[PDB]
Every structure is written in structure tokens, then in C-alpha cells.
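Quick notes on the structure that follows.
Values in this text are rule-based calculations from the coordinates and carry no lab data. Cβ: placed from backbone, ideal geometry, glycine included. Neighbour counts: every protein chain shown.
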Amino acid sequence: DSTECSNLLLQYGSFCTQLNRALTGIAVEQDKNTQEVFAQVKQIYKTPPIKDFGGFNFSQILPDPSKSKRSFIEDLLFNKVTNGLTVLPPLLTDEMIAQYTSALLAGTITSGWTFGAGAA
Amino acid sequence: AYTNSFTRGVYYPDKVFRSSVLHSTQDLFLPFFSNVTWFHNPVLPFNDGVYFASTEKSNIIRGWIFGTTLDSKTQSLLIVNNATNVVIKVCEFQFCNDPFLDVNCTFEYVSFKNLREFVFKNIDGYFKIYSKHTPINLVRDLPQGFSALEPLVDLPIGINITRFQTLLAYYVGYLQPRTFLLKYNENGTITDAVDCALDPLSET
Amino acid sequence: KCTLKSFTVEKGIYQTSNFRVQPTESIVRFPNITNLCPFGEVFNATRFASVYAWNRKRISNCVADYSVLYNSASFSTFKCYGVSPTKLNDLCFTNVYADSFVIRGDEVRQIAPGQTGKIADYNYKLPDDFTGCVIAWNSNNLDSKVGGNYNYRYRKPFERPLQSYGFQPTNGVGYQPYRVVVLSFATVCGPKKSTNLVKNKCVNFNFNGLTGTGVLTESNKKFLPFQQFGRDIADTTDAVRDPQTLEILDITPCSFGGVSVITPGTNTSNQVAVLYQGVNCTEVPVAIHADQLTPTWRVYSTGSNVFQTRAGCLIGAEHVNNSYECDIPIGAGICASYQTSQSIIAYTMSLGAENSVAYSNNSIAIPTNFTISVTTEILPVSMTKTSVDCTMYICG
Amino acid sequence: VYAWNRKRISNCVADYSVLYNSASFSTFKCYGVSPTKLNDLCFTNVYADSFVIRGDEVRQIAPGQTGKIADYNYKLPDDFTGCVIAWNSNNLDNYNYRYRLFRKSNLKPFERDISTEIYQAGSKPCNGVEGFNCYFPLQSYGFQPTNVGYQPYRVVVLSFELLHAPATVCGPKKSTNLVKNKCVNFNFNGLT
Amino acid sequence: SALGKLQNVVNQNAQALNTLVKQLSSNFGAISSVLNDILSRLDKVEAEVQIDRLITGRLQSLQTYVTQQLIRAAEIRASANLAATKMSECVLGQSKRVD
Amino acid sequence: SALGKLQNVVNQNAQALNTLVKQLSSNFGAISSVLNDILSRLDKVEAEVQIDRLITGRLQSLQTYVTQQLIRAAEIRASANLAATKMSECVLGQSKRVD
Ligand SMILES: *[C@@H]1O[C@H](CO)[C@@H](O[C@@H]2O[C@H](CO)[C@@H](O)[C@H](O)[C@H]2NC(C)=O)[C@H](O)[C@H]1NC(C)=O
Ligand SMILES: *[C@@H]1O[C@H](CO)[C@@H](O)[C@H](O)[C@H]1NC(C)=O
Ligand SMILES: *[C@@H]1O[C@H](CO)[C@@H](O)[C@H](O)[C@H]1NC(C)=O
Ligand SMILES: *[C@@H]1O[C@H](CO)[C@@H](O)[C@H](O)[C@H]1NC(C)=O
Ligand SMILES: *[C@@H]1O[C@H](CO)[C@@H](O)[C@H](O)[C@H]1NC(C)=O
Ligand SMILES: *[C@@H]1O[C@H](CO)[C@@H](O)[C@H](O)[C@H]1NC(C)=O
Ligand SMILES: *[C@@H]1O[C@H](CO)[C@@H](O)[C@H](O)[C@H]1NC(C)=O
Ligand SMILES: *[C@@H]1O[C@H](CO)[C@@H](O)[C@H](O)[C@H]1NC(C)=O
Ligand SMILES: *[C@@H]1O[C@H](CO)[C@@H](O)[C@H](O)[C@H]1NC(C)=O
Ligand SMILES: *[C@@H]1O[C@H](CO)[C@@H](O)[C@H](O)[C@H]1NC(C)=O
Ligand SMILES: *[C@@H]1O[C@H](CO)[C@@H](O)[C@H](O)[C@H]1NC(C)=O
């Protein structure tokens, strides 16, 4: 915010704009990547109250209201990873990502591959 | 005769609070594990700047004289502790080399069981003093451990120095341009350091 | 429209400008004024030596209150050969040399710079181009005893000619000898200004020559007694000690962030909504044109509808408790859309319909029919092939 | 220097080589153009600004310079296109040559000011009459043959206008026939 | 609106060339951005100081374009390899690879 | 050490931003890196000659950062396309593709 400097900066033209245009393309792509990966599933499936999966025990990987919706293992993973310049929020919050991983997992347990090929 | 510096002689390089951080800086520093001359007075070169220490609890060591001649002609530092105060002057007399008992001045200023340690350097026309006082057990070599010296005094006096002497157990070592990594704790004190040139691990 | 260099805008969110909270006032802090220059004693003295042997002194980095010499109109004379006494109080003497006695004879005004005469060239020296000003007090008040210059010999200022002098003891500083507090150019420097201190407001600041802008705040940071300011991991200054009362302030950068305009396409409406990225809505009604200028722009600042979101302060859109597919994205689960009598709404996006699959240990669902489905997929395969003659582009 | 005189120059052929080759001139510094090239160009207006100063002051006549002349009498704009010309004029030496010694603030580029108010460097509110460090603002050079930086020097500044406006003062170059459809080198009014 | 991927490729090439042209209007700190002004107004030694500012700015303008075209071409190649793979596996065969 | 890939994304973003901030303090051959010094210590033409070095250095530093982020983003996109493919074939199906 020096005035004399900010006048001299005009002599260079479109450089302090194609920088913002380039970074904006990167910023939008990070929201696209997150949607390409997690948003496979069209409906938010959720597991039944009963847990009679033939002896298999998914309680470590399913959601838990005592753990945000994150599973027990998702809580390990979220603990083990640790100006003129601004950092912008993602479009999807961690609670929305956790609902997609829940929906994918609950479909997979209850309905095989069929929730990808059609209705579960 | 010689003794080891170990890791003594680090000092706060600037008047700045850095906390819970490692900071890298280049200055005139005493090199780690370098040799240090020991004495029980003689006249000594000042070089680029001095580290000084002594075993003291008595004020046998009344202070220092500094200059180019350090006598008889030209403006020269006299630094003294006389128990009434620490006292400083820049005079040019042919005054006595040991004016104490049987144990021009255009600037002037006033303010064993233990060791007292000091650093003297002279940069951009300012003469700068850093210091510490501590208990000791070993007296015949510098005690192995860590302690950062802090600024006392910072005087605009512009005088040239190449030589100095003690006013009558004491030690002298010389600063060199080196890069150090300094560990500032949560309360803004330096608590550890690495001399980056010392060995391949310190460099790493 | 100017951001996109066009009079048509398609549906989207466009960053157009940067919001930046302005410094509301300027603050200065320096240590308490002390160790003033002693030479005012020479101006207040009742006598001085003659121009053949004017006494002399030197400044010792003492505080030169030179603006007080602008008030020295109690002198019988004055002279200058450079900058004004206000400029001297705004500066410092590059050389220490200072007055202690009087000029006399034809050189009588040499208590001040800009003088001329024999004594003014040496034994009461005061150059015709010495970089300052001074007052002079006559033999009737300060420059001499009752013998005047006639008792002696005459033709920095008022300090160190051989001719027998003759300037009168009773005269003003032109006809009599003259003497005063004076000097000519780190040797002696002007007094440090200061102001009162403000907290929790964006200000411009100076502390001990550390300068910047920020919201100053009280803090618990434990500086050591000799430490005057503190630094960030990236070395930026972020805390300071107030030199007049030694408490530790914490310095916060004044709020800034991108301004983004949410719009439907200009076919649908000229209505828009505005997002201040990362700002907290209480910190708007501040700074740029969007608050300052017109009803039409400050409708998107100072009222209408205002809504804090995790992405920033959003203005001119209506919050809704329903949830929908994301039309225009904002951030942190928020989206906006134009809806029906019509306005822009803002809402939390919906991931999809909720469903519980009817699972049990002995139930299966089998399809009894099918549909063939034909689906489109599109991929780019090649760019426009280009060649640039760089000599023709660069040198024409 | 306070009554510095501007003459507009227009509707002519010119020859700047006559000026540049004259032995009369002690300086001929040009800004935004080279003195050799002036005879190839054509300008939308020319203005000549002229006054007398002491010889040492000539160095202040530049864009971005500082001092009493620039502060209180005559200053060039920061992108000035033109030439500064000066010479000793000892035959003029004389106490008529007023300049301004002090001002309430520095004057603007190509500004001019007749004001005669008593300014105050001492603390007294002198209110239009002189006294202890307060003074009448126009005073004059003591031009005498006894003076080198104090000697009288005559000054001219040529200011050139390069607008989209029509060509109006041209160097001594000659026009030719307006060829069409061929690949040609061309020059219209200095647009090569 | 279905062909947004293909129309985007055309738009990016147009904006890159139009930006590369518009930088010829910029001064880069020379007395003019038009090269014949410098060559007509200034004699040889003075002119080089101005021309080297324009050479420096125009060369950095062109290096910026070529670098972003190299990155943009690699993104299109990753799409062309996928399209070639979809043609071999989907058109010339029948694929069991889900979605 | 299990999550080294995700921790490296965090570290690379922080390292890049920290370096872009530290380059504010460099001289690039100018009289100072603190802009008010150049403005206050010098006459207008000398200040403008000195400031253009800081503008050049900071502008070159910022183009260096954005180019590095463009290349780093293409690497992350190539991994997001692999994760979208893994989810489609492995979670929503049963892939016969070895390893
Ligand atoms: C599913 O497995 C979990 C552990 O993976 C079982 O829960 C743990 O059971 C032991 C013994 O009762 C306890 O010490 C742990 O504290 C339990 N953990 C939690 C989080 O409760 C769970 O009981 C198993 N359920 C079924 C139906 O097999
Ligand atoms: C330096 O230190 C070594 C031991 O590290 C010692 O043997 C040697 O005598 C010392 N030399 C000098 C010149 O102090
Ligand atoms: C000791 O210092 C004080 C001032 O601190 C001084 O008055 C006194 O004369 C000094 N005495 C000697 C013997 O140095
Ligand atoms: C001042 O300088 C002279 C030599 O010029 C020297 O003899 C004298 O001792 C000095 N005075 C003081 C107070 O140091
Ligand atoms: C101080 O020493 C330098 C050389 O190191 C010399 O140029 C200078 O003249 C000396 N000044 C005095 C006052 O001795
Ligand atoms: C740091 O300061 C706190 C008080 O602020 C004190 O309680 C603590 O003991 C100090 N710790 C160290 C290591 O200095
Ligand atoms: C506006 O409407 C026209 C048809 O009336 C259409 O061709 C054009 O693409 C629309 N523009 C936008 C920005 O949607
Ligand atoms: C500054 O002076 C005031 C009294 O004028 C006093 O209250 C304050 O404590 C002083 N501060 C310092 C650091 O001396
Ligand atoms: C800043 O936002 C938070 C909620 O995100 C709120 O508690 C706080 O009061 C806001 N600050 C101001 C000054 O309104
Ligand atoms: C929206 O929900 C909030 C609580 O989240 C409630 O206070 C408010 O009245 C609701 N508004 C409408 C229009 O239903
Ligand atoms: C199967 O679906 C088609 C429409 O897709 C319908 O015409 C046909 O009658 C259906 N057959 C049965 C047996 O449901």
C-alpha cells in the first residue's frame, strides 16, 4: 500500500492479473478433485439399526456420534496428520466428506456393487 | 597456557523477543570448542572482538583499558568498577598502568565461588558490552555447560581499538564471523545453540 | 462489467476488488525527553569574552530543543545561513561545536551564523554559509562587561580578530558586542515527539522508529527486560514494548480480503450479492467505495440483508433453511441461487436424498425388468497449434 | 525568477541545429528527446520559458531537482520533454533580479506566484511586518562583475508538446508525393 | 451447455493469445511502449537504454506464455491418452471396469 | 510415518508460502528491502530507480511461486484421477486388475 510503488506497478500491465487468473484455476480444481473422488453416490444411504453381517464387525470403519460423524479409524487419520496472501475454504467441509464416505460404505455393506450399477 | 571454550560465550545478537523458535544468524561469535588463553597484568590484542571471563567474588579485577596505543596520547577507553559504580571514560592521559592500591574525555558514563563473563565488540562506531555472572565449582578451566550473555551497554564513542589490558584466574578468547543456530524457548531466552561450521553433523 | 471488460456477465461468482480496513489515525511513542542541551545557560549569562578569544564548547548527543531559539526574540539581534529553528528542532547537528562567548567590532553579530568580519573568520567564527540560525544578546544584557569591545580585541557561532575593538557597552547587538547560545553543523539532536495510545482500533503507528499499521492490543507476552519488540516465524514484527510505560502490545494486521460478486446472468437480473472473503460482518461498514459511495453500492454494505458465513461476510442475499443442489458455490457448504417476487437466496448444499436400504439376514431384492440407457461422454483431444516469431513479436 | 516569462511558439518551420551549434550556450541538456533528432520531428505546440538567475542555480532546472528555485519560483513536471539552455550574461551586472527566499509551501510544476507576504521562521505572529526571524519574501541577486556561481546567467527552457493534436512546429525536412498500394517506408509528422 | 469441456479449450487459447498481444501496449518503464517513438526521438546511445527495457519486458511476457502452454499441453495429453484408452476398451471391446 | 503422502502435501504448501513471505526481506540489489527507507532517504528519481528493483524482484518471486504451484497442482490432479478410478473399480465393484 505505498502509493509511489503502486503507480510504478502499472508500467508492467497484465502480470498482476494473469497470476490471479492462474491461481483461481488451481483453486477451483481442488473442489473439482474432491467432488470427482467422493461424490460417486447419488443417494445418502445409511446402515440399519441391526448389525447381523454374518460375523463381520465394521464398527471401526462405520460412523460414530461420539467420534462430527467420523468413524473410529477416520479419527486416527485426522489426528496423525498435523500479508497480501489468503487461504480459502474448500467447498465441502470435513462433515460433508464424512457423509459421503458413510454413504459409500453403507451401500457397499448392504447391497454389494448394485448401488453403482442402479438402485441399491 | 590454553583451556577449552566448550559451549560458553553465546550472546543475544539483537534486542528482539523470539519465542519457541530456532533462529539462524551470522555475527562475531566465539567458535565452539575453540581454545582460550588462561592467566593468573599482560597487554593483549583486541582482534575483531573479545570474549573475557574471570573467577571473581572480590573485585581484584577492577576493570580494563582499551585503545590503539592505550596510553599517553589519544582517546582511549577506561572502564572500572569502584564499588560506588561502574564508571566509563574515553581520556588520552599518560596515566598509571596500575593506579589501584596494594591489592580527551569527550564521553563519560556511570551506573572463587563465582565467575563473571563479558563480551566486548566495536561496530559502526558503537562499542558494545554483553555480560553474565554465575556460581562455579571448576576454576582452572571454563565450566562445561550453556549460558547466553545479555547486553549491558552500547556507546556511540567512535574510538578505534586494537589493544587492551586488565586492571588487577582470568581468560581471553576471540570472536570470529560465524553462523549459529539459536534455540529460543517459550520465555524468549536462548537455551541451546549449534555452531554451523563445527562438524558435518552441526552443518547438517 | 469492468473486471470482465464486457457489458454482459454470465451466471457465476467473480472476484472484482480487495477490501482493506484503513488506518483510522496515526500514533507515535518514544522515550521520555531528557538530557537537554546546556547551551541555554550561555544565552541566560550576563557576560562573555571578546571576539579575539571567544570561548567554545561541544554537544554530546544531548537533546537540542532548537525550536526554543525561534522563541529567542528577547535577543537584541538574530542571524541565519541555513535552515529555520523549527527545521533545526526537526533535525540534528552533524558536528558538536557550540558557543560560549561574544563577537565584537565589525563582526559583532557573530554570536549567530551568516555574519561577516575579521573575528567572524576565526576567533569569534560565524561562517557566511553555516547551516542554521541563532539569536544574539547585546553588551547591554549578555555580550560583555561595562568596557564593551573597547576593553579588548575584535574585527561554531559565539565561539573561536586581532584588531583593537570599539563596540559600545550600552548598545544593541549590532553596535555593541553580541553573545548567545549557538552552534553550527549525531552531535546534538531534536526532541522526540509522542501521542496517547489506542487499543482495539486499526491505526498507523511509530514505536522507537518501528513503523507500521495494525490493530494494537494488550498482551501477556513475556519479553526480557532489554527486549523492545518481537517477531513472527517469518520474521514479521508482531509485538512491541511501549517506551513511555513498558507494557507489551500485540500487533494484529488490519483486516483485508477479496470482494466477490455473486450474480445470475445479466439476462435474468441486474441484482447481485457481495461476499467479503474471510471478513467478520462487524468489520465491514468500513474502508472502500462499497460502504462509502451511493445507496446502490452501500445497500451491499450497511444494511439490506447481512449474513456471516464460514467463508466471510455475505450481503444482499437471503438465508434459507431448506437445502438444494449447489447452483453458485461460495464455500464451507454454502451456495447461492436466484429464486422466486424474486431474489438471490443462500443455503447449505444437499448431498442427496436420505435412504436406509432394507437389509436383513434373509432378504434379497431381484430386478424384474431393465432399461437400455445411452449416455454421453466428452473429452478434449487437441489444442490450437501455434507458432510465434519472437524476433517479430519482440522487435517489430 | 518570480515573474518568469512564457511565450507560445506555433505555426512555423524551425531549425534547432542553429540553437544547438551556437557557441553562446554553456548548457543545452535535453529530456525525452536528443538535440540531434529535433530537426526530424514535428510538435503540436512549443513554449519558451525565460528568466535570469545566478549561475550556480542553473543545475536546479531539471525534473526531480530540488532547492530554492524549484521550491519557490519555477519547477518542471516529472515527465518534462524539452531542452534547458543557459549562458553567462555579465553585461547585465544590478539589483533588479528578484527571487523568492521563503514560501508557506513549495509551488506546483509550471506554477507562478507574485505574493509578497512576510513569512515567519521565528515564533512571533508577525502579520505582514518584518521582525526577529520574519521577512519579506522577494529579494534580489547582487549582480556585479566582482561575483562564478553568483554571476548573472540568462536562461531559456523549451517545452515541447507531443499530443494527438495537429502538427504545428516542424523541423526543416521537406514533404514528397503521397504514394499508395506499394510497400513503402513512411513518416507522417514524425510518426515513422 | 453439454460441450463446456470443448468450448473451454477454445476459450483458453483465445485468452492466452489476446493477453500476449495486449502486453505489446505496456511500457515496462521505457519512455514509450511504441518502438518507433524511441527510435525517432532519441539518438543511438540514449535509445538502447529504453529498447532494452522493452526487450526485457516483452521477453518475460513471452516466456510466461510458453511456460503456461507447456503445462496446458500436458493436461490435454493426459485427456488424449484417456480418450485413446476409452476407444480401445469401450468401442473396440466390452469393458468390465465399473463406471 | 504411515501417512507420509498426506503430511508431505501439508509441508509443501507451508514451505512454499513461508518462502514467498521471506523473499519480501531481500534487497535484489536495492538500497534497502524496507520500502519507506528508499522513499524517505532519496530524491524522487533516485527513489524510483531503486524501487523498480524491489518491484522486479518481488514480481519475479511471485511468478516463481505461481509456476511452482501450477506444476504441483497437475501432480495432485493426476493422484485425484487415480483415487476416483480406485473408488469406482474397487469400492463400487470388484476389479480383476492385478495389484
Ligand atoms: C465389534 O468389535 C468391537 C471392537 O473392535 C467390540 O467393542 C469392544 O469390545 C471390547 C470387549 O467387550 C471392549 O473392551 C472395547 O472397549 C469395545 N470397544 C468399543 C468402542 O465399545 C464390539 O463389542 C464388537 N461387536 C460385535 C457385535 O461383535
Ligand atoms: C587447541 O586445542 C587442542 C585440543 O583440542 C590442543 O591440543 C591445542 O594445544 C590447542 N592449540 C592452541 C593453539 O590453543
Ligand atoms: C568511584 O565512583 C564514584 C561515582 O560512581 C566517584 O564519585 C568516586 O570518586 C570514585 N572513586 C574512586 C576512588 O574511583
Ligand atoms: C587532551 O589531549 C592532550 C593532547 O592534545 C592530552 O595531553 C591530554 O591528556 C588530554 N586530556 C584528557 C582530559 O584526556
Ligand atoms: C581509525 O582506524 C581507521 C583504519 O582502521 C583509520 O582510517 C582512521 O583514520 C582511524 N581514526 C582515528 C581517529 O585514529
Ligand atoms: C516461563 O515464564 C512463566 C511465567 O510467565 C514461569 O512460570 C515459567 O517457570 C517460565 N519457564 C521457563 C522455562 O523459563
Ligand atoms: C441471453 O439470452 C440470449 C437469447 O435471448 C442467449 O443467446 C445468451 O447466450 C444469453 N446470455 C447469457 C449470459 O446467458
Ligand atoms: C515517563 O514519564 C512519566 C511522567 O512524566 C512517568 O509516569 C512514566 O513512568 C515515565 N516512563 C519511563 C519509562 O520513564
Ligand atoms: C467475529 O465472528 C465470531 C463468530 O464467527 C463472533 O463471535 C465475533 O463476535 C465476531 N467479531 C465481532 C467484532 O463481531
Ligand atoms: C430457520 O432456522 C432457525 C434455527 O436454525 C430458526 O430460528 C428460524 O426461525 C428458521 N427460519 C425459518 C424461515 O423457518
Ligand atoms: C419393462 O419396462 C418397459 C418400459 O421400459 C415396459 O414397457 C414393459 O412393459 C416392462 N415389462 C414388465 C414385465 O414390467
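Summary of computed values
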{"read-out": "For F:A14: the one exception among (1) loosely packed, with under 13 Cβ neighbours inside 10 Å; (2) closer than 30 Å to A:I109 by Cα", "value": "(2)"}
{"read-out": "All positions within region A:93-120 that are over 19 Å from A:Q60 (Cβ atoms), more than 7 Å from every other protein chain (Cβ to nearest Cβ) and of a type in the set (A, V, I, L, M, F, W, C)", "value": "A:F115, A:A117, A:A119"}
{"read-out": "Evaluation of C:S304 against (1) within 14 Å of chain A (Cβ to nearest Cβ); (2) more than 16 Å from ligand 10 (Cβ to nearest atom) (one fails), failing number", "value": "(1)"}
{"read-out": "Lone qualifier among F:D43, F:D99 - being at positive phi and loosely packed, with under 13 Cβ neighbours inside 10 Å", "value": "F:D99"}
{"read-out": "Extreme residue, farthest from ligand 10 (Cβ to nearest atom), among residues of region B:16-53 that are surrounded by fewer than 16 Cβ atoms within 10 Å (Cβ to Cβ), on the phi < 0 side of the Ramachandran plot and within 14 Å of another protein chain (Cβ to nearest Cβ)", "value": "B:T25"}
{"read-out": "Flag for B:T84 being touching a strand residue (DSSP E or B) at 6+ places or on another chain (Cβ under 9 Å), within 23 Å of C:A186 (Cα to Cα) and either polar (S, T, N, Q) or within 16 Å of ligand 2 (Cβ to nearest atom) (or both)", "value": "no"}
{"read-out": "Subset of region A:10-30 (residues that are of a type outside the set (A, V, I, L, M, F, W, C), within 12 Å of chain E (Cβ to nearest Cβ) and assigned to a helix (DSSP H, G or I))", "value": "A:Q11, A:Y12, A:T17, A:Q18, A:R21, A:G25, A:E29"}
{"read-out": "Among (1) within 16 Å of ligand 9 (Cβ to nearest atom); (2) out of contact with any strand residue (DSSP E or B) (no Cβ under 8 Å at 6 or more places or on another chain); (3) small (G, A, S), the one test that C:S341 misses", "value": "(1)"}
{"read-out": "Any strands (runs of 3 or more DSSP E) falling wholly within region C:50-155 and containing at least 1 residues that are basic (K, R), under 39 Å from the mean Cα position of the chain (by Cα) and more than 14 Å from chain D (Cβ to nearest Cβ)", "value": "C:56-58"}
{"read-out": "Among residues of region D:98-150, those that are more than 14 Å from D:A3 (Cβ to Cβ) and of a type in the set (V, I, T), counted", "value": "4"}
{"read-out": "Of all residues in region A:72-94 being out of contact with any helix residue (DSSP H, G or I) (no Cβ under 8 Å at 6 or more places or on another chain) and assigned to a loop (DSSP other than H, G, I, E, B), the one that is nearest to ligand 4 (Cβ to nearest atom)", "value": "A:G84"}
{"read-out": "Residue selected from region F:27-45 under the condition of a type outside the set (S, T, N, Q) and not in a loop (DSSP other than H, G, I, E, B), by the criterion farthest from D:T66 (Cα to Cα)", "value": "F:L35"}
{"read-out": "Some residue of region B:110-125 being more than 16 Å from ligand 8 (Cβ to nearest atom), within 14 Å of another protein chain (Cβ to nearest Cβ), loosely packed, with under 14 Cβ neighbours inside 10 Å and under 30 Å from B:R178 (Cβ atoms)", "value": "yes"}
{"read-out": "Count of region D:133-169 residues which are over 22 Å from the mean Cα position of the chain (by Cα), surrounded by fewer than 20 Cβ atoms within 10 Å (Cβ to Cβ) and assigned to a strand (DSSP E or B)", "value": "1"}
{"read-out": "Which numbered condition A:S66 misses (of (1) loosely packed, with under 15 Cβ neighbours inside 10 Å; (2) more than 30 Å from E:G29 (Cα to Cα); (3) touching a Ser or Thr at 6+ places or on another chain (Cβ under 9 Å))", "value": "(3)"}
{"read-out": "Condition met for C:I328 (under 23 Å from A:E95 (Cα atoms), within 14 Å of chain A (Cβ to nearest Cβ), more than 16 Å from ligand 2 (Cβ to nearest atom) and of a type in the set (V, I, T))", "value": "yes"}
{"read-out": "Strands (runs of 3 or more DSSP E) lying entirely in region C:161-245 (those with 1 or more residues that are of a type in the set (A, V, I, L, M) and within 19 Å of the chain's Cα centre (by Cα))", "value": "C:202-207, C:210-218, C:237-241"}
{"read-out": "Hits in region D:2-20 - residues which are part of a strand (DSSP E or B) and either of a type in the set (G, A, S) or surrounded by 12 or more Cβ atoms within 10 Å (Cβ to Cβ) (or both)", "value": "D:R6, D:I9"}
{"read-out": "Residue in region B:176-184 that is part of a loop (DSSP other than H, G, I, E, B) and either over 17 Å from C:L224 (Cα atoms) or within 14 Å of chain C (Cβ to nearest Cβ) (or both) present", "value": "no"}
{"read-out": "Subset of region A:31-67 (residues that are in contact with a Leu (Cβ under 6 Å, 6 or more places away or on another chain), within 14 Å of chain F (Cβ to nearest Cβ) and outside any loop (DSSP other than H, G, I, E, B))", "value": "A:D31, A:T34"}
{"read-out": "Top-ranked residue in region B:126-164 [being surrounded by 13 or more Cβ atoms within 10 Å (Cβ to Cβ) and of a type in the set (K, R); ranked as nearest to ligand 2 (Cβ to nearest atom)]", "value": "B:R163"}
{"read-out": "Considering residues of region C:246-278 that are among the aliphatic types (A, V, I, L, M) and part of a loop (DSSP other than H, G, I, E, B) only, the residue farthest from ligand 3 (Cβ to nearest atom)", "value": "C:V272"}
{"read-out": "Meets criteria (outside any loop (DSSP other than H, G, I, E, B) and not aliphatic (A, V, I, L, M)) for C:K5", "value": "no"}
{"read-out": "Whichever residue in region F:42-56 is more than 30 Å from the chain's Cα centre (by Cα) and of a type in the set (A, V, I, L, M) and, among such residues, is farthest from the other protein chains (Cβ to nearest Cβ)", "value": "F:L42"}
{"read-out": "Candidate set: region F:17-35, residues that are hydroxyl-bearing (S, T, Y) and more than 9 Å from every other protein chain (Cβ to nearest Cβ); chosen: the one surrounded by the most Cβ atoms within 10 Å (Cβ to Cβ)", "value": "F:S33"}
